[PDB]
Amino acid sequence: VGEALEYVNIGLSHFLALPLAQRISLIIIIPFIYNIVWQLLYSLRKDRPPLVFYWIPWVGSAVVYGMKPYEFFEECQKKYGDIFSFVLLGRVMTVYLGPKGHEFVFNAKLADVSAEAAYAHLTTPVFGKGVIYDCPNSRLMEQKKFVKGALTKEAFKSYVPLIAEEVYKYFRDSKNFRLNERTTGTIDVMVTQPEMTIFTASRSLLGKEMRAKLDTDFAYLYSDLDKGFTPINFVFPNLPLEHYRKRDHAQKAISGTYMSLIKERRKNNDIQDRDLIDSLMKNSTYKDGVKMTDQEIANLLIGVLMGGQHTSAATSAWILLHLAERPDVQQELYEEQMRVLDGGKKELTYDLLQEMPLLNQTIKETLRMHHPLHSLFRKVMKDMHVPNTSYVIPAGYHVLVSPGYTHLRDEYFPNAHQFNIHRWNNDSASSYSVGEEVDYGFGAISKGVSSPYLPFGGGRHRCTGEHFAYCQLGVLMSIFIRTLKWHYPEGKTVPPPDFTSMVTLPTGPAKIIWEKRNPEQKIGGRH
C-alpha cells in the first residue's frame, strides 16, 4: 500500500486549495488543537512538574499570573503542590514555592541557571550596554563589589544628614506639603514617595551636582527613562514608537550627564569620597585588569539608581499607607523618636538610627506584607533534577522563585495578612545570615537561603542595596513620624496591590491626609 502515500500528497495538494477563510481558520484551529493534545500528553510525564493547563497558545497563563500572581500561585499550589510549570508569553516557567524553592533557585549552581539570560531584555534597553545583565556573571559580581564600596557604615554616616535635609526641603518646597504655609493637606503617596525617593537617593548616591539637575527640565528625562522600565520589554524591547525613542534619548542624555561629571572630575583630578561617582571613579577595575568605561560606569549608576528607585519608593508608599490606618503604630513610633532623640533635641545620626528597633521593624514588616518584587527568575542552562523528586527541569526552561509569596503564608507568618511590627520584636535586623557564609565576589553572605523571610534575595544575586534602603527609608520615616500625623479620607483604607508593573505598587490614587504635629514649626533656609 503505497496508495496511501499518494493520497498524502493529494491531500497536501487539496489542502493548499482551500478557500482563504478556511485556510486562516485552519491556521488557528490547528495550533489550538495541537496545543491541547500536547498538554494532555505532557501531563503523563513523571519527570516533569505538573504544567498549569491553558487554552490560548503562546499567551499561556500570562493574564492570570500578571494581574494576580500570588493568587495564581495559591491556586496552583492547592492543585499541584509546590513545584509546577506554567506557560507565559512563549516561555515555560517552573515555579518552586516555599523555602526549598528559595534554596533551589537562589543557590542554584552558576552553571545551571542564568539571571542575565532571564533579565537582560528588561534592563539592558533601559540601563545601557555592558553592565548588570549585559555582561557575564563575574563582571556583575564585581560591579556589585564596586557599588558596595560606597555603601559602608561611614558612608551611611554622611548620607543621613544629606537625606534628612532633602526630606525637610521637600516638606518646605513641594506643592504636596509646604509646611511653612499649610498645617494640613492631602497627598497621593504615589506622587510624593517617587519624588522623595529620587531626591534623597540622588543627593546621597549621585552627589550635589546630580541632585541639582533634578530642579531643572532635566528631571523629565528621568520620567522618560522610568517609563521605559516596563514588563513589555519582555515582548517588545524595541518598537519604532515614541515611547521607545524617548526612553533611548533619556538613557543617552542621562548617561551623558554622568560621564560629563565623571570626565570633568578626572580632568580636574577632583576625585574625593563624596558620592558613588567618586567611588566608582577610584574603583572600577576588574580582576583581569580590564577597566570599566565611563559609559559602563554611567549605565551602572542608572541601573542601580533605577532599581533602588522603584523598590524603595514602593516600600515607603506602603509604610505610609499601612500607618494611615494605624494611629497606634504612629504613636508607638513617635514615642521611640522622643526617647532615642532626647525629645527631638538630638540630631538624627546613623548610629541613632540603629537604636530605633520599632521603626526598623515597621520597614521589616512592610517588606513582609509588600515585597516589591513578586517574582525573581533565572533561565535554566542545564537540565536540573529536583532533589527528592522525580522532576527534571530541562535547559531552556525558567525557574521562578517568590519569597514575597512565602511572606504571606500563615504557616510561616501567623496571620500573614495582618500588619504587626511586633511580630519582629527581639529581631529587628534587616535580614540575618543565621550560620555559615560564602563570598561570590562582593562580600560574605549567608550560605543558606532557606529563611522564609527573604526580602533581599540570597545567593550570588542577593541585593547589595539593603543597608542603603534601610538607611534611606529610616531617615525618611523618622522625619515623617516626628513631623506629621496622617490618616485616610473617610471610608478609604489600604489599597490592594497592583502587580502588573512587576513592582508591587499600591493601586491609585492612594491618598492620605497629613497634618503637622507642630502647626507652628518652620523649616529654615531659602525658597
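Residue numbers here begin at 1 and follow the sequence given.
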Mean C-alpha B-factor higher for 231-239, or for 145-153?
231-239
On average, which has the higher Cα B-factor in the deposited entry, 222-230 or 429-437?
429-437
Check the PDB entry and point out which of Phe106, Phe413, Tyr119, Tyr80 has the largest C-alpha temperature factor.
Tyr80
Maximum C-alpha temperature factor, selected from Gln472, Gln39, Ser478, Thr464
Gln39
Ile513's Cα B-factor: lowest, middle or highest third of the chain?
lowest
State the tercile, meaning the lowest, middle or highest third, of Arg265 with respect to the CA B-factors recorded for its chain.
highest
Within this chain, which third does the Cα B-factor at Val449 fall in: lowest, middle or highest?
middle
Chain-relative C-alpha B factor for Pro125 (record values, thirds): the middle
Where the record places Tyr244 (Cα B-factor, split into thirds across the chain)
highest
